[PDB]
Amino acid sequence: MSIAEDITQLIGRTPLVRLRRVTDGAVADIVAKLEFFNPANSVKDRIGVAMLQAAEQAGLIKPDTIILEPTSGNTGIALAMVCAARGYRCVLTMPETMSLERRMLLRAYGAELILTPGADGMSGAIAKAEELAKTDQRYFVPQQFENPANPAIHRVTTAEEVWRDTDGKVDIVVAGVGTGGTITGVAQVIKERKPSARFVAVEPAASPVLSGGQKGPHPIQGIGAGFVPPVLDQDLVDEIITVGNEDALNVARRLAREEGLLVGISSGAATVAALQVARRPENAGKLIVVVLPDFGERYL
């Protein structure tokens, strides 16, 4: 019998698809890992479950614990879904600038939202979470940017899925860096097993922090956090490619129209970079795996 006990057991195990049309000038094979196949349509499902599992296994969840995280992204949606399956109480802080669509989605999962001043943005959401946690001991805050379970779940699931589905033939992995968990976990496993493997981090040209530049605003949701996340292991990253907003959006649109892959803007970004790498003659005949983090419908 193959029946999951709950929805969190159906997280991960996402498929690879070969790009057929969005391949201009490529001399390498480009295959895309479709993180939108996760139950709530993003890669963050993996760290939502994993950060809570790790807390559970370490005895950090008490009968009165409340899950708390400042998030304006997919991690909130994943945490809300995972808390609803677990029967945990979930509080999320975010700027009051968040769309009503997003709020309704979080509340549909039974999450409670604390809206913080629009002008303070993310830092205000963090300050509010910091203060709530400091003054009420019931709160457990997963801390997606620091939590070792983020890269760990990618070592154990994402990486092995890439390894097995490519029969060890993957040569290059291309991934947008938000928390850095995905590329770090995959590199940690794959680079040791196959030392010739290479890893390309993608960030916005508009906020080129890993390249050595300065934080700036940008629309590529999920990547370009504006600082070097502690979870990221830069020594495993072989190259950084910056991607402009317009190219990221153009390639995302091409993915939907030409491959039937309706993906988010950060998937467009990662694909820009995978196309770039794929054009290099030294990469003729190589297999490039590109991570597509989420579904595009959420962005319309």
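Numbers follow the displayed sequence, beginning with 1.
Averaging only over Cα atoms, indicate whether 188 to 196 or 150 to 158 has the higher B-factor in the PDB entry. The stretch with the larger mean CA B-factor is 188 to 196.
Regarding 88 to 96 and 114 to 122, which shows the higher C-alpha temperature factor on average in the entry? Per the PDB record, 114 to 122.
Pick out which of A274, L232, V43, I67 has the highest C-alpha B-factor in the PDB entry. Out of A274, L232, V43, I67, the record gives the largest C-alpha B-factor to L232.
If you compare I30, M51, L261, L236, which has the highest Cα B-factor in the entry? Highest C-alpha B-factor among the listed options: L236.
Quick one: classify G181 as lowest, middle or highest third of the chain based on its Cα B-factor. Tercile = lowest for this residue's CA B-factor.
For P142, the third of its chain into which the C-alpha B factor falls: Ranked within chain, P142 CA B lands in the middle tercile.
Where does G244 sit by CA temperature factor within its chain: lowest, middle or highest third? According to the entry, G244 has a C-alpha B-factor in the chain's lowest third.
Entry-reported Cα temperature factor of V82, expressed as the chain third it lands in: According to the entry, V82 has a C-alpha B-factor in the chain's lowest third.
By the record's CA B-factor, is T14 among the lowest, middle or highest third of residues in the chain? As the PDB entry reports it, the C-alpha B-factor of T14 lands in the lowest third of its chain.
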